[PDB]
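**Q** got an experimental structure here, sequence first:
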Amino acid sequence: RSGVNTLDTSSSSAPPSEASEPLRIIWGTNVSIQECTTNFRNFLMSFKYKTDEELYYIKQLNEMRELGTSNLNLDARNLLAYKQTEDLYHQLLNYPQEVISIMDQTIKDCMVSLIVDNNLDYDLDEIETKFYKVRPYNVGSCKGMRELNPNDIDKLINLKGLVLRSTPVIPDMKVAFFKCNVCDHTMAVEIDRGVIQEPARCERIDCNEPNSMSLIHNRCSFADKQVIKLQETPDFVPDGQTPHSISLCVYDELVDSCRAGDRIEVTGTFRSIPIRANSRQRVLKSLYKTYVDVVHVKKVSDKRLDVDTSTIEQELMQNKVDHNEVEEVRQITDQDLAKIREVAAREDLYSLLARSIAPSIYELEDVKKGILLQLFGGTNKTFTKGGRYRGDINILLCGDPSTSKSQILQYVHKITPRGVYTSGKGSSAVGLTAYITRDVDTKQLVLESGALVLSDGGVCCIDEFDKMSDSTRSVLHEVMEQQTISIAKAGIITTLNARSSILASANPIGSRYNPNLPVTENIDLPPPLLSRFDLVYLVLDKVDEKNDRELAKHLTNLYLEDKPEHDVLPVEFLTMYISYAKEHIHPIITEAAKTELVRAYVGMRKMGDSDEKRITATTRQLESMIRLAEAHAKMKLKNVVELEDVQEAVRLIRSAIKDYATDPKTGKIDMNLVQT
Amino acid sequence: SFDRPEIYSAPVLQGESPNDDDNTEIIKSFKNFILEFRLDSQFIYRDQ
Amino acid sequence: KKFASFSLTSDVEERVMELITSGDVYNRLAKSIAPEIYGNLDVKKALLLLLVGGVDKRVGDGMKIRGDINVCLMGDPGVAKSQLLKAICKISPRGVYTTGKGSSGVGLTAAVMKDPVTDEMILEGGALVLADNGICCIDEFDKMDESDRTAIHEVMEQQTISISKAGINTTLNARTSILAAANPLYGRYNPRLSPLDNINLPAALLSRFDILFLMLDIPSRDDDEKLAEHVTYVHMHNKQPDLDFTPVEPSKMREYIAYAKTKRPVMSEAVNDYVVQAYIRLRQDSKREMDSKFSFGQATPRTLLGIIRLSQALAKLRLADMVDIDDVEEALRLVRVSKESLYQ
Ligand SMILES: Nc1ncnc2c1ncn2[C@@H]1O[C@H](COP(=O)(O)OP(=O)(O)O)[C@@H](O)[C@H]1O
Ligand SMILES: Nc1ncnc2c1ncn2[C@@H]1O[C@H](COP(=O)(O)OP(=O)(O)O)[C@@H](O)[C@H]1O
Ligand SMILES: [Mg+2]
Ligand SMILES: [Mg+2]
Ligand SMILES: [Zn+2]
């Protein structure tokens, strides 16, 4: 009971076959158009999420019409709930090509029926003329690209990976434009399955000359196409299996929706195609080439923070212009916002969050607090008329080799949106910055990005920072001091952004950090270099029976049952809170904080005033106190930095290097003063 | 040291509506004329 | 046959049941690794436990802790270290072997090339990737280069290898165990010098090994006779000399190890209490020894983790769903024996 208008794809797929009691069963398939459309309409008009009682999709369609959106994101899992679609699920998985068009036509007819049956308004021509589309995004679990067989071609699958390269926009013809070179009569021809039927005769009765049709290139109509190179990360990896990179094809609105370094999850169709042996001939190779066609892309997850919007400002306006409906940041509900406010309202927020980070690592309160402040980050100034200052924070870890200073890096890497985990001796100056490589398909030379550029807007983890060669270490100066990298190589002269934080680890010379020598003789780094980091952490291991008992019990508890069961916030809520705080708040400093900052910096400069016994203070420490105070204020949803913030920043900076237990004359450490 | 590849076909679908000015329809009409035409209640052409 | 493809059945069932019925599985299997080498029983037990492995644990929140054991042998020249390395690499179903400078650079890790058959670039793995889910044997460990030492360092750390070089930025999976061999710095061990000055490798790298055996050659007119009789009998025949013991063939050894690898025992509260007490005592003790510059390293939580893994491996070998105090007793027994040569 509604109006209907057939689509061109539906008419093309019209040709039926017999042997199905409904008739109209497409040859080769088992799909039946009437039953599929009827089941889809019933499911659309009746489905609730079991707020779980209301009509789930009726509203979504209502807001779609109200706003003007043309894309419906369909969770393929939902169809398994309703009883009717228990088979439509498998039909969609096995025969996506026809099913997607069927659903699109059904959706358009549903929209028309919804608008008309309620007599809302008479302006229905726009919706009647416009297009619609449906994007599945929750296909069942896959086993990795390696494990598909030839029989899985033209099926629907999902992948996860890391973006590496994206070719520029390629024009793709859809309508060719011919002219008759004797009567100026012009014709248009529509592509059919990738073949254009050139006319053999002018169709005019007066003009009937044979082979008089020429092609005017600029007068045709073209589409958009792009190719993406993806580094997949399958969940299950067989024995001795190494990666490669896959080719994805994106069309129409999805072009330019991904940037190298992004972690994404794609849903697409598995394809195949033969490739010409050489341009001169028209012979083909028996062995086919595989790729993927993108139908949906998901750029958000609840296991990690959202991208820092400060780095993608223009991309958002471009997305709005392009009308592509991909979302960069997660959506927030009123209940969630109220819960965020309530959680911020309590008085143990700081310790609660510190304990929340990495629940499986014991104690290390100050370490966890520093990690939290790094994740929150400082405020980013932008000077009208040129000038940039960023709130990125750099941290280094020194201490005994056997502590838990490596598990920290893995957790931060897995929680951050963008980053790379690299070792010191397994790197190179070019490999960290950029290089030129020959594309195996186009047979041309193209630039490719390095770790530091790929980590823009995120966190870069460096292990064994002391084994790094001087040449390799040279580049980090500009990155840490201007967040940019300048390149002067054959074919490229430009400066690239490197808005990334640094988290580095290092080990002491020999076996153990000797408290009878200054830190400069225990760390194998030039004393000047250690002054660039905002915080320096001395992880010392002291033998104490109480702490040993506590740690041993904590570790042995983890093996009580085959699965983990360990007052800690859940990771989802933690990430939601951190993302909201980062995006919505922007603290500023006040005079009361300025006075304290100046006094503290002067005191730090004066204290300790024969040399290379301690890390001499510098302007870097003043800037570090500024950034840490701003980050603390930005936490707990405040917009003005204050004296408590500055005091906490100074307390933390002093505690990290544990100046309290240090002799200010010989630079040695007393083990009976340090507290576990 | 391989042999020659083959080619073959089979009918599945129905093409465009058959025109009359086409060889297959001409042949079908002629076959119908041979197998049906009657004179004096006799299938003269079939019998001969 | 790979362990992953294991499948219970009457044919395997009767063989395995006969083996357990015979009894004394632990020592019977331990004595069957390279039966032509005399003595060296505890090292053989440690190697068998390395073969069996521990229990992997997924702690949640994405964090991960290994379940594989690492073994280093360091000793005087001429004690059959290479023979044992060969024996283990052969017994393993995915064992790989390497020596010093023979394999370096892309010999480890992987290298970028172009496939002939298809027209796509690929990475060819080295010894580490080729030995994934297996044992990698490294002879002449101390003579390796800094880059290779760092690669082994990271692999023993977290079973992954990170590469960032021109044309490549990736991470490889290296779920492999390490069996290393090494010699003292000045050839023979020098008791008048400290253990850390007797070796070239860093103390942290030494510490990361779950088991670190020290093998010295102190002449003894009694045991030398037994060793000579054993070796000369082996040459005169082609068999070991003992008659009261029958070795078990590699096929049966692999069968039993594959069957055992399907278990996953669990910890209990009494054993947890015992382990915490033992760890506290051991950690308190080691400090004074390390002060006198007479220890390879201070005890650390990695030691406790190694004890736990060894107890789990012993339980798996016993083919039980729960651990017992005797398993922890044996683990501590082995860890204590590992350095008895320094107190002669
Ligand atoms: N505070 C702690 N909480 C939990 N586990 C710990 C702690 N300290 C040490 N460990 C254990 O000890 C090991 C630490 O080794 P690792 O972090 O790899 O060394 P490093 O980080 O110093 O290179 C881990 O396996 C971990 O289980
Ligand atoms: N306990 C032993 N029983 C039998 N043969 C031994 C024993 N110890 C050493 N050998 C012999 O001495 C040689 C030692 O050489 P090798 O295997 O390279 O060890 P290393 O590298 O320690 O010298 C071997 O050929 C082995 O046959
Ligand atoms: Mg570590
Ligand atoms: Mg040798
Ligand atoms: Zn014309």
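**A** Looks like it came in fine. Numbers count the residues shown, from 1 in each chain, chains lettered A, B, ... in the order given. Ligands and ions are numbered 1, 2, ... in the order given.

**Q** and residue C:296, how close does it get to residue C:207?
**A** Using Cβ to Cβ, to the nearest Å, we find residue C:296 at a distance of 8 Å from residue C:207. Every residue, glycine included, has its C-beta placed from N, CA and C.

**Q** neighbour count for these two, which is higher?
**A** residue C:296 (22 against 19; other Cβ atoms under 10 Å in any protein chain shown).

**Q** ok, now which ones touch the residue sitting furthest away from the middle of chain A?
**A** Farthest-out residue of chain A from its mean C-alpha position, per Cα atoms, centre = their mean: residue A:206, at 62.0 Å. Residue A:206 makes contacts with residue A:183, as judged by Cβ atoms under 8 Å, 6 or more residues apart in numbering or on different chains.

**Q** assign it to helix, strand or coil.
**A** coil (DSSP: H, G, I helix; E, B strand; the rest coil).

**Q** tell me how far it lies from residue A:177.
**A** Residue A:206 sits 21 Å away from residue A:177 when distances are taken as Cβ to Cβ.

**Q** then residue A:409?
**A** Separation of residue A:409 from residue A:177 (Cβ to Cβ): 59 Å.

**Q** and the two? Which one has more around it.
**A** residue A:409 (20 against 17).

**Q** wait, isn't the more buried one in contact with residue A:461?
**A** Yes - look at residue A:409 against residue A:461 with Cβ atoms under 8 Å: they come within range, at 4.4 Å.

**Q** what strand or helix carries residue A:644?
**A** Secondary structure from DSSP states H and E places residue A:644 in helix A:643-657.

**Q** how far does that helix sit from the chain's center?
**A** On the basis of Cα atoms, centre = their mean, to the nearest Å, helix A:643-657 is displaced by 33 Å from the centre of the chain it belongs to.

**Q** got the buried residues for it?
**A** Buried residues in helix A:643-657, counting neighbours by 16 or more other Cβ atoms under 10 Å in any protein chain shown, are found at A:645-646, A:648-650, A:652-653, A:655-657.

**Q** need these in a markdown table (columns: distance to ligand 1).
**A** A markdown table is the format used below for the buried residues of helix A:643-657 (distance: Cβ to the nearest ligand atom, whole Å):
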| residue | distance to ligand 1 |
| --- | --- |
| A:645 | 28 |
| A:646 | 30 |
| A:648 | 23 |
| A:649 | 25 |
| A:650 | 26 |
| A:652 | 19 |
| A:653 | 22 |
| A:655 | 17 |
| A:656 | 17 |
| A:657 | 18 |
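
**Q** residue A:504: which of those is nearest?
**A** residue A:656 (14.0 Å; Cβ to Cβ).

**Q** for chain B, what spans make up the helices?
**A** B:23-36, B:44-47 (DSSP state H).

**Q** doesn't residue C:198 make contact with residue C:182?
**A** No - with contact defined as Cβ under 8 Å, residue C:182 does not reach residue C:198; the gap is 10.6 Å.

**Q** higher neighbour count, those two?
**A** Neighbours were tallied for residue C:182 and for residue C:198 using other Cβ under 10 Å; the higher tally belongs to residue C:182 (22 against 18).

**Q** which residues touch the more buried one?
**A** Counted by Cβ under 8 Å, 6+ apart, residue C:182 has contacts C:72-75, C:140-142, C:199, C:201.

**Q** could I get the phi/psi values of the residue of the stretch 501-650 of chain A found nearest ligand 2?
**A** Of all residues in the stretch 501-650 of chain A, residue A:511 sits closest to ligand 2, at 26.3 Å by Cβ to the nearest ligand atom. Backbone torsions of residue A:511, given as degrees, to the nearest 10, read phi -100, psi -60.

**Q** assign a three-state SS to the residue of the stretch 551-676 of chain A found nearest ligand 5, would you?
**A** Residue nearest to ligand 5 within the stretch 551-676 of chain A: residue A:583 (62.6 Å; Cβ to the ion). Secondary structure, three-state DSSP: residue A:583 is helix.

**Q** and for it, the neighbour number?
**A** So residue A:583, with other Cβ under 10 Å, has 16 neighbours.

**Q** so who does it touch?
**A** Contacts of residue A:583 by Cβ under 8 Å, 6+ apart are A:306, A:309, A:329.

**Q** could you double-check that the second one sits in contact with residue A:380?
**A** No - the criterion here is Cβ under 8 Å, and residue A:309 misses it with residue A:380 at 10.8 Å.

**Q** how about the residues of chain A near ligand 5?
**A** By Cβ under 5 Å from the ion, the residues of chain A that approach ligand 5 are A:180, A:183, A:185, A:202, A:207.

**Q** just the buried ones from the residues you listed, in PyMOL syntax?
**A** Selection of buried members from those for PyMOL, criterion 16+ other Cβ under 10 Å:
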select buried, chain A and resi 180+185+202
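
**Q** for the residues of chain A next to ligand 5, which one is nearest residue A:167?
**A** Proximity of the residues of chain A next to ligand 5 to residue A:167 (Cβ to Cβ) peaks at residue A:180, which lies at 36.5 Å.

**Q** residues contacting the closest one?
**A** By Cβ under 8 Å, 6+ apart, the contact list for residue A:180 reads A:186-187, A:202, A:204, A:207, A:209, A:212-214.

**Q** among those, who's most crowded?
**A** residue A:202 (22 neighbours).

**Q** quick check on the nearest residue to that one once chain neighbours are set aside: phi, psi?
**A** Among residues not flanking residue A:202 along the chain, residue A:180 sits closest, at 4.6 Å (Cβ to Cβ, 6 or more residues apart in numbering or on different chains). In terms of degrees, to the nearest 10, the main-chain angles of residue A:180 are phi -90, psi 120.

**Q** just checking, residue A:232 touches residue A:143?
**A** No - the pair residue A:232 and residue A:143 fails to qualify as a contact (Cβ under 8 Å) at a distance of 11.9 Å.

**Q** comparing those two, which residue is more hemmed in?
**A** A count of neighbours by other Cβ under 10 Å puts residue A:232 above the other of residue A:232 and residue A:143, at 16 against 12.

**Q** quickly list what the more buried one is bridged to.
**A** On the basis of DSSP bridges, residue A:232 is bridged to residue A:161.

**Q** tell me the contacts of residue 268?
**A** Defaulting to chain A. Residue A:268 makes contact with A:156-159, A:248, A:292-296, according to Cβ under 8 Å, 6+ apart.

**Q** my question was about chain C, not that one.
**A** By Cβ under 8 Å, 6+ apart, residue C:268 lies in contact with A:560, C:322-323.

**Q** repeat that for residue A:228.
**A** Counting by Cβ under 8 Å, 6+ apart, residue A:228 touches A:163, A:165-167, A:247-250, A:258, A:294.

**Q** same thing with residue A:450?
**A** Residue A:450 makes contact with A:430-435, C:164, C:169, according to Cβ under 8 Å, 6+ apart.

**Q** so which of these belong to strands?
**A** Secondary structure from DSSP state E places A:434-435, C:164, C:169 of the contacts of residue A:450 in strands.

**Q** just the buried members of those residues?
**A** Buried members of these, counted by 16+ other Cβ under 10 Å: A:434-435, C:164, C:169.

**Q** for those, work out which two are farthest apart.
**A** Greatest spatial distance among those (Cβ to Cβ): A:434 and C:164, at 11.9 Å.

**Q** closest residue of the stretch 201-344 of chain C to chain B?
**A** With Cβ to the nearest Cβ as the measure, residue C:251 is the residue of the stretch 201-344 of chain C nearest to chain B, at 42.2 Å.
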